[PDB]
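Following this are structure 1 and structure 2, which are two forms of one protein chain, each written alone as structure tokens.
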Structure 1
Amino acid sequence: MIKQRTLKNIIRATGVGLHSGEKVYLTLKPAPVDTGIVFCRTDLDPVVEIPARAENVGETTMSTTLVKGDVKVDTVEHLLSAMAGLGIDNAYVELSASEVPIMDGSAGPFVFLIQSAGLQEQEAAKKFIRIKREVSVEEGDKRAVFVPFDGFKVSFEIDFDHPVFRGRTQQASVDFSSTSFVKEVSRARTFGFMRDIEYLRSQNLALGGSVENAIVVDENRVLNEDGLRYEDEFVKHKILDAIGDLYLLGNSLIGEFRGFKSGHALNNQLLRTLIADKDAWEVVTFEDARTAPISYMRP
């Protein structure tokens, strides 16, 4: 069977919240079968526990925020993308502050931390959610859609309001094999335009931003000394974001996501619309990994 996965070992990181500028201590702890990904704030008493689920999303401005009462965990999208990409089912994420650290602005550092700690296969079938029918949300010219697909595929188009490298649009389609995430998506950094960033900074937002954790685009050219990691790093980063939001379903998807200008807010609306449309999906397991539509890397 395709088995659930957790971490072999506890692993620890430190970093800064890009939004908050706060120093945060991050601990990833192994968890047992059918735990899911569960966030908790170690700096509160009592400690509060928030499953990484669509129903616990409270804010979607610039990032996905988990909320339970007045306790928040901000910027979950990059870490959840790493845990989706590697097929982690079960883990505790323990934070000393209200925001996941930004690291280098990609999922790369999280993937390496997880893959260092090692993956542990567990004696329980991994659960998948199979898209059996098309489900779409729109807001003006923005679109997000789930369509049936025997595997996992993301198609994404961004549409800037001015040309960047001579075009307003950037498109990528990734049909995921076991290695696609690590090779072609995980290293894609977050980005902003210099005028947007200066405005955000003025409003006391993006207090942990730097060239070390974000691509800065000064109108139509990249400011960062060493340039881009991928030709279309920007759309690859939006694919990373969508993968992190998708994992809030709490099980791995069999199907295709297609986004046109779809950010955390519309991605979250698509999740809620899919969940409400129960005839469009079904939970499934694969007792034979060899006949499954998805395969993960060896543990």
Structure 2
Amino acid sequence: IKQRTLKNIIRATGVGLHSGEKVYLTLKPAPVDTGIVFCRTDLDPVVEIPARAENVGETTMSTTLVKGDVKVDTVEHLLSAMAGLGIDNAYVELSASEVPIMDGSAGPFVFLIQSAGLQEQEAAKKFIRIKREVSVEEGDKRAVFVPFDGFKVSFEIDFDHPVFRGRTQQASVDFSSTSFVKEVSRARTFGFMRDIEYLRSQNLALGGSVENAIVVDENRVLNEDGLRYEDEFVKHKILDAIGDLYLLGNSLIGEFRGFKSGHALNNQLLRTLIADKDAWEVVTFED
């Protein structure tokens, strides 16, 4: 009902998944109507980039926010955690151009946010409510918003790989009955060994390891300790979608369905929705 921020400042450290750079992350409370703002504190002047669809850059690997010649790479997992915990306002300070990958999931971030504490603010919380279907497609990929009285995220993947043979590749999460933390937050990012070796040849995925990603070779999951969920891969796609959806700037009242979608198509959906003014409205929980 009311806007939420952090109660205290909290710090964490990690490595950027693509850049491999050590990064210091500081989450800070922020005033009412700030939204989630990334701050590049290594730069003078400090560059603030609100986590909004208009600040997304063209990047095929992850969601990247850009302002001038400055970027903040790989924001989706931390944004998913902000969205999952209903954090309206926060500054996310970074000492480098990439959010740390942590364990590849939103687990460390949801724990970090809860550890900082939650602070109720003196302003009504606003939600973006989907009023009509908005859909984007490209080839076999689709991402759609549908009106829904609540918040629901559906995803389907379809990989031609034996690890995916008979494995859950579709999942739907209705957040009125399911906990973001319990069933989505711990889902780790994943990569196919071929895709990974190719990113490595482009000097990308430098901070990647079996400690922060599920690595799938031609036969099996390489990670010795296995999966956190039988449907971990599709649950991570849901985690990614929730982070991308949070670039709308407010919690969503609606349903998202993704069909082999990724950050590029998710962002195209956000832009089409915003441009389609009659397809959405910004409302309070009471309204």
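C-alpha atoms forming the largest set that superposes within 1.5 Å between two forms make up the rigid core. When a residue number appears, read it as a position in the sequence of structure 1, where counting begins at 1.
J.: After superposing on the rigid core, which residue out of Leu113, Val164, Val145, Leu119 has its C-alpha displaced by 2 Å or more between structure 1 and structure 2?
T.: Correct option: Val164.
J.: Superposing on the rigid core, does the Cα of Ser177 end up 2 Å or more away between structure 1 and structure 2?
T.: The answer is yes; the displacement is at least 2 Å.
J.: After superposing on the rigid core, how much does the Cα of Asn9 shift between structure 1 and structure 2, in Å?
T.: It moves 0.3 Å at the C-alpha.
J.: How many Å does the Cα of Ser202 travel between structure 1 and structure 2 when the structures are matched on their rigid core?
T.: Comparing the two forms, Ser202 shifts 2.0 Å at C-alpha.
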